[PDB]
């Protein structure tokens, strides 16, 4: 059973990535999977199922829809927009939203209203996460843990993005991607097809950073 998000949930998944990026001392246990969900929503359900079947994997496709979940937090009833995911519980998704909301209030208290590029809903949050995946892919292709080189290459290449996001923690995010590619090798095929299609055309500064990072996995 594999979740195959379609184009319709791409904005939702990007916001989930953004929620983690604004979280102070964020738990990046699910970032590898969330990043892979974003790549699949960019490829679309049809292309994702095609990649897996062609790569030889058997796939029981799970439809991904947005649902409103009612949950009691601090005595008060709250409405959360969550995705129907077999790989990520409603509880985990809601806790990511709760923790990010705590960080966001701290930000308001520190600088007043937050600029677009510093928010959880900035359009490049998913791509920022996928830039770490591009660094991990290089070290899995070049030979069994080039983790120190990933962190150091990340602090240079993603210096502007680290300044924008407190939860952009290269060590934790790289560990999460290493873990998902080891545990679910079918995600390597999905990421490689995503990277080939993306490096054809953007776009934004982050889309440009990603294409250069991805292209490096082959040449100079």
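Residue numbers count along the first chain shown, from 1. Rigid core (definition): largest C-alpha set, two forms, superposition within 1.5 Å.
Across the superposed structures in 6 other deposited structures of this protein, aligned by the core, the stretch whose Cα atoms lie more distant on average is 196-204, chosen from 6-14 and 196-204. In 6 other deposited structures of this protein, superposed on the rigid core, the segment with the larger root-mean-square CA displacement between 154-162 and 66-74 is 66-74. Count the deposited residues lacking coordinates between residue 143 and residue 144 and you get 1 to 3 of them. Between the stretches 121-129 and 79-87, it is 79-87 that shows the larger average CA temperature factor. For the pair 36-44 and 177-185, the mean B factor over Cα atoms is greater in 177-185. Sorting 115, 107, 96, 150 by the CA temperature factor given in the entry leaves 150 at the top. Within the group 29, 166, 69, 193, the record's highest C-alpha temperature factor is found at 69.
In the PDB entry, a CA B factor belonging to the highest third of its chain's modelled residues is recorded for residue 203.
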